[PDB]
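Undergrad: One structure follows; several queries about it will come next.
Number of protein chains: 2
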Amino acid sequence: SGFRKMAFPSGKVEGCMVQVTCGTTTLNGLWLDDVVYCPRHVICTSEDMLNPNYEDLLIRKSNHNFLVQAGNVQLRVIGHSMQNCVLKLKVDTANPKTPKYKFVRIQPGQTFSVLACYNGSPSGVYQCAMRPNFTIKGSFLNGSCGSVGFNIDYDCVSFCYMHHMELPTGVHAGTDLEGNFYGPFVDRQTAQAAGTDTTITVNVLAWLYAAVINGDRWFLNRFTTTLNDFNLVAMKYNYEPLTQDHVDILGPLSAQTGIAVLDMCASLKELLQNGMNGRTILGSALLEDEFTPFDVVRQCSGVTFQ
Amino acid sequence: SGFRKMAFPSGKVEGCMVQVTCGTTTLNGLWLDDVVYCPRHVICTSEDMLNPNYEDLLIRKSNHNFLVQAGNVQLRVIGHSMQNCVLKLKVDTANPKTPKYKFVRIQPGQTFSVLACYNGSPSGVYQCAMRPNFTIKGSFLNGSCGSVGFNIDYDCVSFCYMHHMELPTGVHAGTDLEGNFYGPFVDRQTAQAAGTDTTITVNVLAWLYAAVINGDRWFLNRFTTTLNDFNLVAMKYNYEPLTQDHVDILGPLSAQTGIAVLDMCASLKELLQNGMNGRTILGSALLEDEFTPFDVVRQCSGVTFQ
Ligand SMILES: *[C@@](O)(c1nc2cc(Cl)ccc2s1)[C@H](C[C@@H]1CCNC1=O)NC(=O)[C@@H]1[C@@H]2[C@H](CN1C(=O)[C@@H](NC(=O)C(F)(F)F)C(C)(C)C)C2(C)C
Ligand SMILES: *[C@@](O)(c1nc2cc(Cl)ccc2s1)[C@H](C[C@@H]1CCNC1=O)NC(=O)[C@@H]1[C@@H]2[C@H](CN1C(=O)[C@@H](NC(=O)C(F)(F)F)C(C)(C)C)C2(C)C
């Protein structure tokens, strides 16, 4: 029992972190096989960043200008290319600790672990959700750029996020590992704001199932609802629409607990309409939306990784 | 910016986890150099656990009865001994991934990361506090015993916790790495309850400093208080006494923000007396007590590990 915000074990990713320095600029990179992936703005000074022409800055660089360090050891760069907002540095040594891996673009509502790094060294690990507005509520300082986010499935690391920037209200934005931003953001120091965020309904329901499994059951009511009527209420409280696909994904938890999804929706509707009245669910005084159905099952069933 | 419950990177510990099987009982062990450390109740069946005589059970075992597996590979056991509630299995192979490490007994109020493991494989990592009542609010299932808790300081892993059991209300209890329990608990399946818990005052103050550093400043009032008067109020709300040592430990955060500790105490007193009135601090609707002053500084200053 118990339910915690749990991150994936970070060791497979720790073995891939390096430092990339170009001129006076240093950030983190990810070394897989013989390639180092990092934010392209390693080639910028704190003056180029107001309106940089990356293509222009890069043509004036050559391989030797990129100083890549894995711990002590310098990796010799033997090629470079830009892909969207990431640079790929081909190095002359393959990383012997490279895990089985994939690059995936995640969808809003999905979670992942972040390994926050500075100067190529890991500081800590935490779990994040890709928010509906394509930001993450991270914890990142100067020097954190090139830190990555990931999921693990058995032995395979799915890298889904590389960190680039901090927006107003202290939320974060970055790219997939092909250098395409999540959301409408650009890698330049210019006025940018996140869209209004929404609550990830399916994750809230997942977490309510987690509460039932842990014996926190006070909020279950005796009613059901239709999907349609549920969505009209959710809408008012700035919850995302619940789709049939979401219902289908909640099927395992529904089967385990014997609570139909639309019955749990009726309980959620009452929490939204009446509040929690000073009570907690799983220790929390607010409804939590950063656990996916899979996160709940993984945690409550003891799924392990290689 | 941003503030998250952040765990240490787990890789150094992942490289030390193994599976120990005795008879039909399997739990996790920790392999450092040529020793495997695990809960002594690996030698028990689900019948011996009501009132086990460990000394008696152990004398009937020999080295070969302990099946130790590191991934695929079986490690040959060449000696065994019991120390308090842990077994130490001497094996014929030194773990080549052993980090620099120490065994430490932590104090109530201190935090650490848990690497939750099943069958010798890691499932996830999260941060925990040793509660004043010597429990932790963990997330552990059947098969999690022998999972460890740890801190990292640069290159050195301080192991402070090995998991043994779950108490009523879904909280957890275990030992240091010399097999001595935290709190009054015993490794037997018998009626045991945690003492009433208390809020870790110094950690709450630490977290309020974290809020100020992140620009969440609404709760700062214009007053100060004495330590004595603060402690009379804290007492009523089941907060631990704040000592001068606690004040001294908050000195770095106080200096950084320019808010005297007793001024922050006055703000805390008002939160305790009046509540948060529906507002949040760092996204939380309750006062949080599982961040130490050091955790705040580590996270807000970007301290990294080897
Ligand atoms: C990185 O770690 C990077 N730092 C540098 C420094 C130099 Cl000289 C070159 C390239 C990089 S990448 C940080 C992480 C930030 C810092 C604070 N917290 C974080 O998460 N990234 C940045 O500094 C990026 C970088 C330029 C600006 N920037 C920002 O995050 C801006 N944000 C914005 O302008 C806004 F649009 F998002 F809001 C701030 C104001 C400095 C936080 C670029 C976007 C390329
Ligand atoms: C371990 O993983 C262990 N499991 C086994 C199984 C066998 Cl056959 C032998 C030895 C061990 S150690 C679990 C972890 C628990 C299970 C649920 N969540 C967890 O954290 N530990 C236990 O099962 C320990 C073990 C015997 C009982 N026990 C318990 O946790 C009891 N708790 C208590 O009796 C109480 F006093 F704490 F409350 C419960 C009721 C089974 C949870 C011993 C204490 C040696």
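Chain order of the listed sequences is A and B. Each residue of the first sequence is one higher than the one before, starting from 3264 at the first, in full-length UniProt numbering. Each residue of the second sequence is one higher than the one before, starting from 3264 at the first, in full-length UniProt numbering. Note that the Cβ used here is the ideal one computed from N, Cα and C, for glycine as well.
#1: Hey, how far is the Cα of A3548(B) from the Cα of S3402(B)?
#2: Can you check whether the C-beta of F3403(B) is within less than 8 angstroms of a C-beta belonging to chain A?
#3: With H, G and I counted as helix, E and B as strand and the rest as coil, what does DSSP make of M3269(A)?
#4: The stretch 3268-3286 of chain B: which residues have C-beta closer than 9 angstroms to a C-beta of chain A, in chain order?
#5: Exposed or buried, what is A3379(B) when buried is set at 16 or more other beta-carbons lying within 10 Å of its beta-carbon?
#6: Closest to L3293(B) by CA distance: which of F3568(B), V3566(B) and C3279(B) is it?
#7: Closest Cβ-Cβ distance between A3473(B) and chain A: below 8 angstroms?
#8: At a CB distance below 7 angstroms, what residues from the stretch 3514-3525 of chain B approach chain A? Give them in sequence order.
#9: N3382(B) to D3492(B), Cα distance in whole Å?
#10: Determine, using beta carbons only, whether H3427(B) comes closer than 8 angstroms to chain A.
#11: Between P3302(A) and ligand 1, is there a pair consisting of the residue's CB and a ligand heavy atom that are separated by less than 7 angstroms?
#12: Give a yes or no on whether 8 angstroms exceeds the smallest Cβ distance from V3467(A) to chain B.
#13: Check the Cβ of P3385(A) against every Cβ in chain B and list those closer than 7 angstroms, keeping chain order.
#14: For the stretch 3364-3377 of chain A, list every residue whose C-beta sits within 8 angstroms of some C-beta in chain B, in sequence order.
#15: Following the continuous beta strand (DSSP E) through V3299(A), name the residue where it begins and the one where it ends.
#16: Less than 8 angstroms between the beta carbons of residue 3220(A) and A3469(A), yes or no?
#17: Where DSSP assigns a beta bridge to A3518(B), which residues make up the other side?
#18: Give the range of the alpha helix (DSSP H) segment to which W3470(A) is assigned.
#19: Starting from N3477(B), find everything on chain A with Cβ-Cβ shorter than 8 angstroms and list it in chain order.
#20: What residue does the alpha helix (DSSP H) around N3491(B) start on, and which one ends it?
#21: Using 7 angstroms as the cut-off, classify the Cβ of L3430(B) as near or not near the heavy atoms of ligand 2, replying yes or no.
#22: Could you tell me the alpha carbon to alpha carbon distance between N3466(B) and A3473(A), rounded to whole angstroms?
#23: Which value, in whole angstroms, describes the spacing of the CA atoms of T3287(A) and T3284(B)?
#24: I need the DSSP call for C3528(B), collapsed to helix, strand or coil.
#25: Using 7 angstroms as the cut-off, classify the Cβ of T3453(B) as near or not near the heavy atoms of ligand 2, replying yes or no.
#26: Counting Cβ pairs closer than 8 angstroms, one from the stretch 3269-3279 of chain B and one from the stretch 3408-3422 of chain B, do we hit at least three?
#27: Examine chain B for any beta-carbon lying closer than 8 angstroms to the beta-carbon of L3338(A), and answer yes or no.
#28: Taking the beta strand (DSSP E) that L3320(B) belongs to, which residues open and close that run?
#29: List, in chain order, every chain E residue whose beta-carbon is nearer than 7 angstroms to that of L3549(A).
#30: Identify, in the order they occur along the chain, each residue of the same chain with its Cβ nearer than 7 angstroms to the Cβ of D3460(B), setting aside the five sequence neighbours on each side.
#31: Following a CB-centred definition, is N3443(A) positioned closer than 7 angstroms to any heavy atom of ligand 1?
#32: How about residue 3582(B): is its Cβ closer than 7 angstroms to a heavy atom in ligand 2?
#33: By Cβ distance below 8 angstroms, which residues in the same chain neighbour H3327(B) in space, the five residues on each side in sequence not counted?
#34: Counting only the same chain and skipping the five closest in sequence on each side, list residues whose C-beta sits under 7 angstroms from that of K3365(A).
#35: In the structure shown, what three-state DSSP assignment does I3369(B) receive?
#36: Below 7 angstroms, is the gap between the Cβ of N3396(A) and the nearest heavy atom of ligand 1?
TA: Straight from the coordinates:
#1: 22 angstroms
#2: Using a Cβ-Cβ cut-off of 8 angstroms, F3403(B) counts as an interface residue toward chain A, since at least one Cβ of chain A sits closer than that to its own.
#3: Looking at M3269(A) - three-state DSSP - the assignment turns out to be coil, as it is neither helix nor strand.
#4: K3268, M3269, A3270, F3271, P3272, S3273, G3274, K3275, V3276, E3277 and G3278
#5: buried
#6: Of the listed residues, the one whose Cα sits closest to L3293(B) is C3279(B).
#7: no
#8: none
#9: 51 angstroms
#10: no
#11: Result yes, Cβ under 7 angstroms from ligand 1.
#12: no
#13: Listed along chain B, the residues sitting closer than 7 angstroms to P3385(A) by beta-carbon distance are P3272, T3567 and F3568.
#14: So nothing in the stretch comes that close.
#15: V3298 to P3302
#16: With chain A running from 3264 to 3569 in the structure shown, residue 3220(A) is simply not present.
#17: According to DSSP, which records beta bridges pairwise, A3518(B) is partnered with nothing at all.
#18: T3464 to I3476
#19: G3433
#20: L3490 to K3499
#21: Checking the Cβ of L3430(B) against ligand 2 gives yes.
#22: 28 angstroms
#23: Going by the C-alpha atoms only, they are around 54 angstroms apart.
#24: helix
#25: yes
#26: yes
#27: Residue contact check for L3338(A) against chain B: no CB pair falls below 8 angstroms.
#28: That residue, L3320(B), is in no beta strand (DSSP E); its alpha helix (DSSP H) goes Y3317 to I3322.
#29: Of the protein chains in the structure, A and B, none is chain E.
#30: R3394, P3395 and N3396
#31: no
#32: This structure cannot speak to residue 3582(B), because chain B is shown only from 3264 to 3569.
#33: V3340
#34: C3419 and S3421
#35: In the displayed model, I3369(B) falls within coil according to three-state DSSP, outside both helix and strand.
#36: no
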